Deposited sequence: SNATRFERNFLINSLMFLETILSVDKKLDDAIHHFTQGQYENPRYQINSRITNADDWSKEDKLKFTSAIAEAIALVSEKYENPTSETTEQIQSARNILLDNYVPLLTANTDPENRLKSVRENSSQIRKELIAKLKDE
């Protein structure tokens, strides 16, 4: 159970940054991007559910926000052991491989990123409830 706690905390913090980035305007999103700029290639596009129903702009907003979220969470761990780098790699792989399909599912075409925001808030609340 504690073997999964690293990835669960990583997810909670990543979702917090995801929701924050999706909650502010384009200028702030570009400022956040600029701050995390320089760059890992996470292949987030391929994990979006029903990606052919997503506009290019929505995909760009989402993938940028995820990559920025991973950057922001990952930089909290200064001087990591091999175990921490592998832990980050797995928690990030869980975010990308397990949660991006969840976060991008059942979104409302009127405003898909608002749906992502709400999917994220619910998932994060559930995980937090079972950590506390």
**Fill in**
Not represented among the modelled residues are deposited positions 39-41, 136-137
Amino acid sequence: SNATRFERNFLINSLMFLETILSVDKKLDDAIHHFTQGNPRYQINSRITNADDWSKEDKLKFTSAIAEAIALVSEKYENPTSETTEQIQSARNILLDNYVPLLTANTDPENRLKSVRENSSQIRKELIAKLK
From here on, numbers count along this sequence of modelled residues.
**Asked** Looking at the deposited entry, does 99-107 or 84-92 carry the larger mean Cα B-factor?
**Response** 84-92
**Request:** Averaging the C-alpha B factors as listed in the entry, name the stretch that ends up higher: 60-68 or 73-81.
**Result:** 73-81
**Chain thirds of CA B-factor: placement of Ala31** = lowest
**Asked** Should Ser46 be placed in the lowest, middle or highest third of its chain by the C-alpha B factor in the entry?
**Response** highest
**Asked** Compared with the other modelled residues in the chain, in which third is the CA B-factor of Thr20?
**Response** lowest
**Prompt:** Of the three thirds of its chain by CA temperature factor, lowest, middle or highest, which one includes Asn13?
**Reply:** middle
